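S.K.: Enclosed are the sequence and the experimentally obtained structure.
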Amino acid sequence: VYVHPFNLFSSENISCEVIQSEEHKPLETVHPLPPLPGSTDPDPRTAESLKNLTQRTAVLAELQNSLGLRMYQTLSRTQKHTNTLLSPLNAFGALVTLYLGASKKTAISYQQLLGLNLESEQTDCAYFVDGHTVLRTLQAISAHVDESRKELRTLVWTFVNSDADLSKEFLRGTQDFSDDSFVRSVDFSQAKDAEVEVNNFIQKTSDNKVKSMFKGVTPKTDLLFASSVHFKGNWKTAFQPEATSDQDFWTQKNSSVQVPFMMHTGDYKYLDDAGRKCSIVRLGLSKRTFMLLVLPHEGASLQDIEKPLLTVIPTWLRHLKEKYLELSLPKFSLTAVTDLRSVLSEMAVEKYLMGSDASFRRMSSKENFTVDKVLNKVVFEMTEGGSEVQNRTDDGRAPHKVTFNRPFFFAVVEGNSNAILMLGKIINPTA
C-alpha cells in the first residue's frame, strides 16, 4: 500500500549525499565514558513531539514486522527442536541505533535490510533517513503498549573500550528508543574478567534471568551492545482458566512432558486453515495486546506450518471468525537471547552490517572501530494461570476442541499499530 516509507523519516528537504566524500565531516564524541566499576545509575535523561505519529507508527510496524518475521524464519530453521523467542521491536531498534554510527556506505546496507532505502540510479550519492525519527517512532509504539512500563519495559546497554570515544549521535540514539539506558567504558585487557563484570552489571541493572549475556569477549573488543524487552501479562485475566491440571505435552512423537495446562470454554476468534494444515487462535493478553497462536494439524510438522509466516499472517487475521471453542493451552513463559550477528550471518547480510565489509567511522574516532556483539534479551512473562475461575456455560452448545499439546508458534502483537513485539515457538513449555 503506502509507497516510499523513506519519506516519513527524512527531512522535507531531501538531498543525495555523497557516499565517499573527499573531505570527512567532524565527528562529535564523548570521552570519558562512565567506568563500569562504580556507576549503576541509569544514564541521565533530558522535547518536540512527532507530527505524523499515527502513520509513522503504522508504517514502521510493517517494516519491523517484515524484518522480524524474516529473522525469526531464519533463526527457527537453525533450531527446529528448541524453544525460540525473538523481538522484532528490539531487533529493529538495535539495528537503527547502530545505523547512527555507520559510515555512509555501510548505512546504505542497513537501510536496504530495513526497507527504508530510496533507490536512486546514481552511484556517488544516496538518501539517508533520520535515525532519531525512526527510533522515536519505535519508542512511541513501545510506550503506547503500557505507559507505566509494567506490561512492557525495555533497556539498552552499551559497553565501550575505555580507550575509545563514542559518538554523541549514537548516545542520543540509545535514548531515542529505550526506557532506560546504560553506556559505560570497560577495559577489556583482562577479557575473561571484563566479561564477568559486564554480565554482572547487566544482572545488577535489570534481572537474573540471563546471567551470562555475553560469551566470548576478547581483549580487542571495541563495543558490546545489548538490549532487553520484557513483556509481562497475567494468565488468570487473559485466559480466565476454568480448569487447570498437569497434562501431556508432546515435545516429540514419543516424548511426553507433564506440564500445567489451562482450559476455557468460550467464543474465540479462530480459523482452521485446512489447506495449510493449521489452526489459528486469537487470544487477548492485555488492553493493548493480543496473542496469535498457530497449531499444526495432528500429523503435520511445525516447521512446515511456519513456512508461509512471512506473508500469510494478514490473510489469517483477515479470515479469523468467532467459534465456540474448548481451548486447552499450556501455561508458559519464555526467555531467550537473540544473537543478532549470528542471525544476520545466517541471512548472509552480516558481512555488510557488522563484519569484514562494515565501517563504523561515525561511531568513534578510534581507527578500525568494530561492533563486536549485538544481543536482544527477550522475556515473555505471564503470571498465574494455575488457579481456577468460574464458568459461563452456554450449555446448549457443544464446543470445538482445540488443544495445544504439540509444538506451536505464537506471536504477541500490540493492537494500536499492529506491531509484533515478540514471536517464537514452544517445543517444551517447561524446558
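M.R.: Thanks, I have the structure now. Residues are numbered from 1 along each chain as shown.

S.K.: Check the secondary structure at the residue lying closest to residue 398 once chain neighbours are set aside for me.
M.R.: Residue nearest to residue 398 in three dimensions, not counting chain neighbours: residue 324, with 7.9 Å by Cβ to Cβ, 6 or more residues apart in numbering. C-beta: built from backbone N, CA, C; applies to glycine. Following DSSP: H, G, I helix; E, B strand; the rest coil, the label given to residue 324 is strand.

S.K.: contacting residues for residue 324?
M.R.: For residue 324, the contacting residues are 265, 266, 267, 394, 397, 398, 399, 400, by Cβ atoms under 8 Å, 6 or more residues apart in numbering.

S.K.: most neighbours, which of those residues?
M.R.: With neighbours taken as other Cβ atoms under 10 Å, the top of these is residue 265, carrying 20 neighbours.

S.K.: Residue 243 is in contact with that one, correct?
M.R.: No: contact criterion Cβ atoms under 8 Å: residue 265 and residue 243 do not qualify, at 9.2 Å.

S.K.: what does stretch 258-265 rub up against?
M.R.: Here stretch 258-265 has contacts from 235, 239-249, 324-332, 385-386, 391, 393, 399, 405, 428-430, using Cβ under 8 Å, 6+ apart.

S.K.: Please spell out the PyMOL selection for the buried subset of those residues.
M.R.: To isolate the buried members of the contacts of stretch 258-265 in PyMOL, using 16 or more other Cβ atoms under 10 Å:
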select buried, resi 235+239+240+241+242+244+247+249+325+326+327+328+329+330+331+332+385+399+405+428+429
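
S.K.: Inside helices: which ones of the contacts of stretch 258-265?
M.R.: 235, 239 (DSSP state H).

S.K.: out of the contacts of stretch 258-265, which are inside strands?
M.R.: 243-249, 324-330 (DSSP state E).

S.K.: ok, so of the contacts of residue 324, who is nearest residue 121?
M.R.: residue 267 (53.7 Å; Cβ to Cβ).

S.K.: Give me the longest strand you can find in this protein.
M.R.: Under DSSP E, the chain gives strand 255-273 as its longest strand.

S.K.: Pull out the buried positions in that strand.
M.R.: Using 16+ other Cβ under 10 Å as the test for burial, strand 255-273 gives 257, 259-266, 268-271, 273.

S.K.: Strand partners (parallel or antiparallel) of it?
M.R.: Paired strands of strand 255-273, with direction, are strand 243-252 (antiparallel), strand 278-284 (antiparallel), strand 321-330 (antiparallel) (DSSP bridges).

S.K.: Output the second one as CSV, restricted to C-alpha atoms.
M.R.: When you say that, I think you mean strand 278-284. Extracted in CSV, the C-alpha atoms of strand 278-284 (Å, rounded to 0.1, in the frame of the first residue of the first chain):
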residue,chain,number,x,y,z
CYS,A,278,-3.0,-25.1,10.5
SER,A,279,-5.3,-23.9,13.3
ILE,A,280,-5.1,-20.3,14.4
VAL,A,281,-6.5,-18.9,17.6
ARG,A,282,-6.6,-15.3,18.7
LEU,A,283,-6.5,-14.6,22.4
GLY,A,284,-6.4,-11.2,24.2
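
S.K.: Need the residues that contact it.
M.R.: If you take Cβ under 8 Å, 6+ apart as the criterion, strand 278-284 is touched by 238-239, 268-273, 290-297, 300, 305, 316-317, 320, 325, 327, 329, 402.
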